[PDB]
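The chain below stands alone and is given in structure tokens; this is the form deposited in one PDB entry.
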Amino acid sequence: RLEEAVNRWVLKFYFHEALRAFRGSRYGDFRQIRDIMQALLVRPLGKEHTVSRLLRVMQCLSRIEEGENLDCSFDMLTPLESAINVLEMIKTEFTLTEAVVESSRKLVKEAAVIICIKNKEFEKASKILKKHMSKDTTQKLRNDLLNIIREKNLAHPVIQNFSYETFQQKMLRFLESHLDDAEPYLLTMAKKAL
């Protein structure tokens, strides 16, 4: 009973510091804090609803933060494909409309294809474009990305102008908007102690 409470305090504090690190573009720190949170997941945390929301947001951010490492897997799927799955889960569990998550779904799918193209993984880019963009977005963009792949044209403006920093900061901005504002109890007590 006591350990659960502290465990949640600890998870929530490190969630707060992970966001702070992600928001400051300190991804090395983000990953170190992520690994601490990962190790916490095997300990009792109380009712699953008390932590489900922050954990979904942290899952999505963790997959986005690894989005450029195609030598990395969260599902036996490239990291940005995994993030798409988590985004769907967030839509359902957070009781969001399709319209509210549409522009974010669009950013992640476009990022998933563009990263494959940037690493010259044209076959992976093609399979991702067919799996996630066939049944959602516009035919001209599909056609543009297809032709970029067929021609291996990394010089195309869609590729050249893509910024992964901007992409993941936009993703953090959307994900954060669905979180409560309470400052973590541990951080409060640390301010009072110092």
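Rigid core here is just the name for the largest C-alpha set that superposes within 1.5 Å across the two forms. Position 1 is the first residue in the sequence shown; the rest follow in order.
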| property | result |
| --- | --- |
| Count class of deposited residues lacking coordinates, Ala99 to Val100 | none |
| Unmodelled stretch of the deposited sequence separating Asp136 from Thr137, binned as none, 1 to 3, 4 to 9 or 10 or more | 1 to 3 |
| Average Cα temperature factor in the PDB entry - higher stretch of 123-131, 24-32 | 123-131 |
| Entry-level comparison of average CA B-factors, 35-43 and 145-153, reporting the higher stretch | 145-153 |
| Residue selected from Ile90, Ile114, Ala83, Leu77 by maximal Cα B factor | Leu77 |
| Most elevated Cα B-factor in the entry, residues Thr50, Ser163, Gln59, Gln169 | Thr50 |
| Chain-wide C-alpha B factor ranking for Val10, given as lowest, middle or highest third | middle |
| B-factor third for the C-alpha atom of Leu54 within its chain | lowest |
| Third of the chain's Cα B-factor distribution that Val158 belongs to, per the entry | middle |
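The form deposited in another entry exists for this protein as well; it is not shown, and the discussion that follows is about that form.
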| item | value |
| --- | --- |
| Residue among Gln38, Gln32, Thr50, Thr166 whose Cα moves 2 Å or more between the shown form and the other one, once the rigid core is superposed | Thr50 |
| Large Cα shift (2 Å or above) at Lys127 between the shown form and the other one, core-fitted | no |
| Residue shift check between the shown form and the other one, rigid core fit, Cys60 Cα at least 2 Å | no |
| Cα-Cα shift for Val101 and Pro157, closer or farther in the other form, minimum 3 Å | farther |
| Cα-Cα shift for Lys124 and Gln160, closer or farther in the other form, minimum 3 Å | closer |
